[PDB]
Structures are given as C-alpha cells and as structure tokens.
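Some notes on the structure that comes next.
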Amino acid sequence: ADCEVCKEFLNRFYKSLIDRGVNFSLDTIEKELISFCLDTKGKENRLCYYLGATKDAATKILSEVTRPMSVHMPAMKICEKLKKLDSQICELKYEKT
C-alpha cells in the first residue's frame with residue numbers, strides 16, 4: 001500500500017465534495033482543500049503541507065494537486081505524481097501507539 005495515507009485522505013476529500021454538492025472548479029477545489037486541511041494534526045498536517053494546502057506550503061504544489069482534481073484524477077495517481085517531488089508524502093504512517 002504505497003501512498004496509502006495520501007490516497008485515503010484525498011478520497012475522503014473527494015467524497016466530502018460529492019456529498020456536499022460542491023462544484024469541481026479550480027478556485028473552489030483549492031479553497032475547499034485548504035479548508036479541509038485546516039484542523040489537521042500530526043501526519044495529516046504533514047500531508048496537507050505536501051499537498052500545498054497549509055500556510056507555509058507551496059501554491060505551485062497546490063496547483064499540481066487541484067488541477068488533476070478538476071478532472072477527478074484517481075487519488076492514487078495524484079499521490080504518485082507528488083511522490084516524484086518529495087517521496088516522503090507516500091511514506092507517511094500514523095503513530096503505531
């Protein structure tokens with residue numbers, strides 16, 4: 001399960017957009033993703049940074065995430081795209097605790 005944290009989070013995000021009847025336009029996807037990333041902690045907050053969706057993150061990367069989302073690119077494929085930048089995105093694991 002390469003990219004598993006990333007894949008599940010993006011699928012959760014997709015499902016939220018669908019369930020809330022949100023338009024898949026670029027600006028909307030961008031704001032919604034930044035919003036979805038707001039209350040995140042730990043590994044999910046690190047993922048949000050790798051997605052371009054935290055204050056200290058790269059909007060260049062945010063564009064690389066939200067443009068594929070506008071055509072409903074499968075989450076695994078978005079994650080695999082980002083892995084080529086910084087591979088740690090696909091290596092994340094939640095605390096074993």
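Ligands are numbered from 1 in the order shown, chains are lettered A, B, ... in the order of the structure tokens, and residues start at 1 in each chain.
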
inquiry  = Would you pick out the contacts of residue A:43 at 8 Å or less, using only C-alpha atoms, so that residues sharing its chain but fewer than 4 positions from it are not included, and give the list as a VMD selection string?
reply    = chain A and resid 47 92 to 94

Suppose we keep C-alpha atoms; can you now write the selection as a short mmCIF file (atom, residue, chain, number, x, y, z; two decimals), in the first residue's frame?
data_model
loop_
_atom_site.label_atom_id
_atom_site.label_comp_id
_atom_site.auth_asym_id
_atom_site.auth_seq_id
_atom_site.Cartn_x
_atom_site.Cartn_y
_atom_site.Cartn_z
CA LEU A 47 0.32 15.53 4.22
CA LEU A 92 3.71 8.53 5.86
CA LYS A 93 2.32 6.25 8.61
CA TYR A 94 0.12 7.16 11.56
#

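Across the model, the gap from atom CA of residue A:75 to atom CA of residue A:8 is 7.7 Å.
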
query = Can you list, as a PyMOL selection string, every protein, DNA or RNA residue that comes within 10 Å of residue A:53 when you count only C-alpha atoms, leaving out same-chain residues fewer than 5 positions away?
reply = chain A and resi 30-38+45-48+58-59+61-63+65

Store the residues picked out above in a file with N, CA and C atoms, as an mmCIF file, in the first residue's frame.
data_model
loop_
_atom_site.group_PDB
_atom_site.id
_atom_site.type_symbol
_atom_site.label_atom_id
_atom_site.label_comp_id
_atom_site.auth_asym_id
_atom_site.auth_seq_id
_atom_site.Cartn_x
_atom_site.Cartn_y
_atom_site.Cartn_z
ATOM 1 N N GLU A 30 -9.500 24.391 -4.712
ATOM 2 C CA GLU A 30 -8.429 24.989 -3.929
ATOM 3 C C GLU A 30 -8.874 25.472 -2.549
ATOM 4 N N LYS A 31 -9.912 26.304 -2.486
ATOM 5 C CA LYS A 31 -10.410 26.754 -1.183
ATOM 6 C C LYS A 31 -10.921 25.604 -0.320
ATOM 7 N N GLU A 32 -11.634 24.669 -0.939
ATOM 8 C CA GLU A 32 -12.168 23.540 -0.197
ATOM 9 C C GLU A 32 -11.065 22.646 0.378
ATOM 10 N N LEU A 33 -9.989 22.466 -0.379
ATOM 11 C CA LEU A 33 -8.867 21.659 0.103
ATOM 12 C C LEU A 33 -8.097 22.337 1.236
ATOM 13 N N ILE A 34 -7.817 23.633 1.075
ATOM 14 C CA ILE A 34 -7.238 24.414 2.175
ATOM 15 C C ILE A 34 -8.148 24.307 3.409
ATOM 16 N N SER A 35 -9.458 24.427 3.204
ATOM 17 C CA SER A 35 -10.391 24.316 4.313
ATOM 18 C C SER A 35 -10.392 22.944 4.987
ATOM 19 N N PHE A 36 -10.397 21.894 4.170
ATOM 20 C CA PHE A 36 -10.357 20.516 4.627
ATOM 21 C C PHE A 36 -9.080 20.251 5.417
ATOM 22 N N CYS A 37 -8.002 20.935 5.028
ATOM 23 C CA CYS A 37 -6.728 20.813 5.729
ATOM 24 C C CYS A 37 -6.573 21.634 7.040
ATOM 25 N N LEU A 38 -7.502 22.554 7.312
ATOM 26 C CA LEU A 38 -7.393 23.447 8.482
ATOM 27 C C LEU A 38 -7.175 22.792 9.840
ATOM 28 N N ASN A 45 -1.451 16.700 8.896
ATOM 29 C CA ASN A 45 -0.983 18.075 8.723
ATOM 30 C C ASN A 45 0.268 18.098 7.853
ATOM 31 N N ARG A 46 1.152 17.129 8.062
ATOM 32 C CA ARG A 46 2.313 16.964 7.189
ATOM 33 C C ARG A 46 1.897 16.680 5.740
ATOM 34 N N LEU A 47 0.893 15.809 5.555
ATOM 35 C CA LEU A 47 0.323 15.526 4.222
ATOM 36 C C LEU A 47 -0.229 16.800 3.587
ATOM 37 N N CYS A 48 -0.957 17.599 4.376
ATOM 38 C CA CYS A 48 -1.544 18.845 3.893
ATOM 39 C C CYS A 48 -0.471 19.806 3.377
ATOM 40 N N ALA A 58 3.745 25.304 -0.598
ATOM 41 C CA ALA A 58 3.931 25.870 -1.932
ATOM 42 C C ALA A 58 2.625 25.890 -2.719
ATOM 43 N N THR A 59 2.108 27.061 -3.071
ATOM 44 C CA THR A 59 0.972 27.115 -4.015
ATOM 45 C C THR A 59 1.248 26.484 -5.397
ATOM 46 N N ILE A 61 2.675 23.602 -5.739
ATOM 47 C CA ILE A 61 2.231 22.217 -5.473
ATOM 48 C C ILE A 61 0.700 22.138 -5.347
ATOM 49 N N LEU A 62 0.092 23.147 -4.751
ATOM 50 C CA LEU A 62 -1.378 23.165 -4.656
ATOM 51 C C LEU A 62 -2.007 23.110 -6.032
ATOM 52 N N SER A 63 -1.412 23.803 -6.994
ATOM 53 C CA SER A 63 -1.933 23.781 -8.363
ATOM 54 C C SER A 63 -1.810 22.387 -8.989
ATOM 55 N N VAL A 65 -1.952 19.626 -7.428
ATOM 56 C CA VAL A 65 -2.960 18.766 -6.837
ATOM 57 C C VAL A 65 -4.363 19.112 -7.364
#

message = Considering only C-alpha atoms, can you say which of A:42, A:60, A:3, A:72 comes closest to residue A:87?
response = A:3

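For the pair atom CA of residue A:41 and atom CA of residue A:29, the interatomic distance is 21.0 Å.
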
What are the DSSP alpha helix (DSSP H) residues of stretch 18-89 of chain A, as a compact mmCIF listing (two decimals) with N, CA and C atoms, in the first residue's frame?
# COMPACT_ATOMS: atom_id res chain seq x y z
N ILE A 18 -18.36 15.58 -3.11
CA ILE A 18 -19.51 14.93 -3.73
C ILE A 18 -20.73 14.97 -2.82
N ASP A 19 -20.55 14.59 -1.56
CA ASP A 19 -21.67 14.60 -0.62
C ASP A 19 -22.26 15.99 -0.37
N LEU A 26 -11.62 24.93 -10.34
CA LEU A 26 -10.29 25.08 -9.74
C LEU A 26 -10.26 25.88 -8.44
N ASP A 27 -10.79 27.12 -8.48
CA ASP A 27 -10.79 28.01 -7.32
C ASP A 27 -11.54 27.39 -6.14
N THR A 28 -12.66 26.74 -6.45
CA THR A 28 -13.47 26.09 -5.43
C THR A 28 -12.72 24.92 -4.80
N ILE A 29 -12.15 24.06 -5.64
CA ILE A 29 -11.36 22.91 -5.16
C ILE A 29 -10.23 23.37 -4.26
N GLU A 30 -9.50 24.39 -4.71
CA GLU A 30 -8.43 24.99 -3.93
C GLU A 30 -8.87 25.47 -2.55
N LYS A 31 -9.91 26.30 -2.49
CA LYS A 31 -10.41 26.75 -1.18
C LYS A 31 -10.92 25.60 -0.32
N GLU A 32 -11.63 24.67 -0.94
CA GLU A 32 -12.17 23.54 -0.20
C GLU A 32 -11.07 22.65 0.38
N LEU A 33 -9.99 22.47 -0.38
CA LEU A 33 -8.87 21.66 0.10
C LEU A 33 -8.10 22.34 1.24
N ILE A 34 -7.82 23.63 1.07
CA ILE A 34 -7.24 24.41 2.17
C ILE A 34 -8.15 24.31 3.41
N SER A 35 -9.46 24.43 3.20
CA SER A 35 -10.39 24.32 4.31
C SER A 35 -10.39 22.94 4.99
N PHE A 36 -10.40 21.89 4.17
CA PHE A 36 -10.36 20.52 4.63
C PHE A 36 -9.08 20.25 5.42
N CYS A 37 -8.00 20.94 5.03
CA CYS A 37 -6.73 20.81 5.73
C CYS A 37 -6.57 21.63 7.04
N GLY A 42 -0.58 16.34 13.22
CA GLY A 42 0.33 15.22 13.01
C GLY A 42 0.54 14.88 11.55
N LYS A 43 0.38 13.60 11.22
CA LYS A 43 0.69 13.09 9.89
C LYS A 43 -0.18 13.68 8.80
N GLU A 44 -1.45 13.92 9.12
CA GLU A 44 -2.37 14.57 8.16
C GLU A 44 -2.00 16.03 7.88
N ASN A 45 -1.45 16.70 8.90
CA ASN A 45 -0.98 18.07 8.72
C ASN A 45 0.27 18.10 7.85
N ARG A 46 1.15 17.13 8.06
CA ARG A 46 2.31 16.96 7.19
C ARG A 46 1.90 16.68 5.74
N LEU A 47 0.89 15.81 5.55
CA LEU A 47 0.32 15.53 4.22
C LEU A 47 -0.23 16.80 3.59
N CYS A 48 -0.96 17.60 4.38
CA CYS A 48 -1.54 18.84 3.89
C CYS A 48 -0.47 19.81 3.38
N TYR A 49 0.65 19.87 4.09
CA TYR A 49 1.80 20.65 3.61
C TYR A 49 2.32 20.10 2.28
N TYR A 50 2.49 18.78 2.20
CA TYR A 50 2.93 18.16 0.95
C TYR A 50 1.95 18.32 -0.21
N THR A 59 2.11 27.06 -3.07
CA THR A 59 0.97 27.12 -4.01
C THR A 59 1.25 26.48 -5.40
N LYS A 60 2.51 26.39 -5.81
CA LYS A 60 2.86 25.67 -7.02
C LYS A 60 2.40 24.22 -6.88
N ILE A 61 2.68 23.60 -5.74
CA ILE A 61 2.23 22.22 -5.47
C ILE A 61 0.70 22.14 -5.35
N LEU A 62 0.09 23.15 -4.75
CA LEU A 62 -1.38 23.16 -4.66
C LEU A 62 -2.01 23.11 -6.03
N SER A 63 -1.41 23.80 -6.99
CA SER A 63 -1.93 23.78 -8.36
C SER A 63 -1.81 22.39 -8.99
N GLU A 64 -0.72 21.71 -8.66
CA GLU A 64 -0.44 20.37 -9.17
C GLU A 64 -1.35 19.32 -8.57
N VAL A 65 -1.95 19.63 -7.43
CA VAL A 65 -2.96 18.77 -6.84
C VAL A 65 -4.36 19.11 -7.36
N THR A 66 -4.70 20.39 -7.39
CA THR A 66 -6.09 20.77 -7.68
C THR A 66 -6.46 20.68 -9.15
N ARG A 67 -5.51 20.91 -10.04
CA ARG A 67 -5.80 20.69 -11.46
C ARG A 67 -6.19 19.23 -11.80
N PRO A 68 -5.43 18.22 -11.32
CA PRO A 68 -5.92 16.83 -11.54
C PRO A 68 -7.24 16.56 -10.86
N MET A 69 -7.50 17.23 -9.72
CA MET A 69 -8.80 17.03 -9.05
C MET A 69 -9.96 17.54 -9.90
N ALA A 75 -7.19 9.31 -6.69
CA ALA A 75 -6.29 9.79 -5.62
C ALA A 75 -4.90 9.15 -5.69
N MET A 76 -4.83 7.85 -5.98
CA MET A 76 -3.53 7.19 -6.01
C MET A 76 -2.62 7.86 -7.05
N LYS A 77 -3.22 8.24 -8.18
CA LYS A 77 -2.47 8.85 -9.26
C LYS A 77 -1.94 10.26 -8.92
N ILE A 78 -2.75 11.02 -8.19
CA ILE A 78 -2.30 12.32 -7.69
C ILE A 78 -1.11 12.13 -6.72
N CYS A 79 -1.26 11.21 -5.78
CA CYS A 79 -0.19 10.90 -4.84
C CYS A 79 1.12 10.42 -5.51
N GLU A 80 0.98 9.53 -6.50
CA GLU A 80 2.12 9.04 -7.26
C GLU A 80 2.84 10.16 -8.01
N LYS A 81 2.05 11.12 -8.52
CA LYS A 81 2.60 12.33 -9.17
C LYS A 81 3.45 13.10 -8.15
N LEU A 82 2.94 13.27 -6.93
CA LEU A 82 3.65 14.07 -5.93
C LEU A 82 4.86 13.35 -5.36
N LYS A 83 4.82 12.03 -5.38
CA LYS A 83 5.93 11.23 -4.90
C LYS A 83 7.23 11.59 -5.65

Separation of atom CA of residue A:89 from atom CA of residue A:52 in Å = 11.6 Å
